[PDB]
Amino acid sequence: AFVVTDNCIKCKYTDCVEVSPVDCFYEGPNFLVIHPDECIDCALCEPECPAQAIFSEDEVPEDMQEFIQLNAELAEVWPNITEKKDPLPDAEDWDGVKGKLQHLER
């Protein structure tokens, strides 16, 4: 399973969803998560995230380990997304800000 981590919060470019062969991504207000039972680890998405937020589960940084379980839990409540859409409005101002998990909306 690939894991979407912090920097996607408040950026949500959705460039990642075009490349996906299965419907692995599930959509929230300002973040996207990958459903771990459905990702087939094709690795195609992580070169596409402008925010460089997608990691192989085995490569999620020490300080971002929360995300592995977050992606699994939210993937069970959030709707599947399959079309790219426009990035959230202020996406570049937040790209690269650390500590964005305090801003996650459900």
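Residue indices: 1-based, along the sequence shown.
**Q** Look over 26 to 34 and 52 to 60 in the entry and identify the one with the greater average Cα temperature factor.
**A** Result of the comparison: 52 to 60.
**Q** Pick between 10 to 18 and 86 to 94: the one whose mean CA B-factor in the entry is higher.
**A** Taking the mean B-factor of the alpha carbons in each, 86 to 94 is higher.
**Q** Sort the modelled residues of this chain by their C-alpha B factor and say whether residue 65 lands in the lowest, middle or highest third.
**A** Residue 65: CA B-factor falls in the middle third of its chain.
**Q** Can you tell me which third, lowest, middle or highest, the CA B-factor of residue 77 falls into for its chain?
**A** It falls in the top third of the chain.
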